[PDB]
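The chain that follows stands alone, in the form deposited in one PDB entry, written as structure tokens.
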């Protein structure tokens, strides 16, 4: 079972030092509780130098593998810092009791790779322009090793 895909936009405003992440949609999500309900939400972490700086999260959508969010989040990242930060995007399954299991995650920014690096580079190259892209979710074990 594939993990699924996440669509989000990035926008950077250098003068104000404002980084905006809009969580748009996820699709094809893996069903986490077999025979149960899939209730996805998205977490965003801002990191620098391997440290978690800020956490935000979306609302929870109920009983879907294809949630639509369209929820915007902004971070204060000055222009002398933006090239060294990471933005981690994780889709999780909400449960009222018990740890919420991650479906998968991706990150953009410093040390990112592939399409995530291209997305981030496009944001940096085009101040003030929102750039939306899809990304394939990856198992947390692998992304977390990159981020540690």
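Residue numbers count along the first chain shown, from 1.
Colleague: If you average the CA temperature factors over each stretch, which comes out higher, 94-102 or 39-47?
Modeller: The deposited B-factors put 94-102 ahead on the C-alpha mean.
Colleague: I need to verify one thing: averaged over C-alpha atoms only, is the B-factor higher for 5-13 or for 120-128?
Modeller: Between 120-128 and 5-13, it is 120-128 that shows the higher mean C-alpha B-factor.
Colleague: Using the temperature factors in the entry, find which of 26, 82, 87, 53 has the highest value at its Cα atom.
Modeller: Within the set 26, 82, 87, 53, 53 shows the top C-alpha B-factor.
Colleague: For the CA B factor values reported in this entry, which option in 64, 113, 58, 70 has the top one?
Modeller: In the PDB entry, the greatest C-alpha B-factor among 64, 113, 58, 70 is found at 64.
From this point on, the text means the form solved in complex with a partner chain, which you will not see here.
Colleague: Just one of 29-37, 54-62, 81-89, 110-118 has heavy atoms within 4.5 Å of the partner chain in the bound PDB entry; which?
Modeller: That would be stretch 54-62.
Colleague: Can residue 126 be called a contact residue for the partner chain in the bound PDB entry at 4.5 Å between heavy atoms?
Modeller: Outside the cut-off, so no.
Colleague: Residue-level contact is defined here as any heavy atom of the residue lying within 4.5 Å of the partner chain in the bound PDB entry; does residue 136 satisfy this criterion?
Modeller: Result no; residue 136 lies far from the partner chain in the bound PDB entry.
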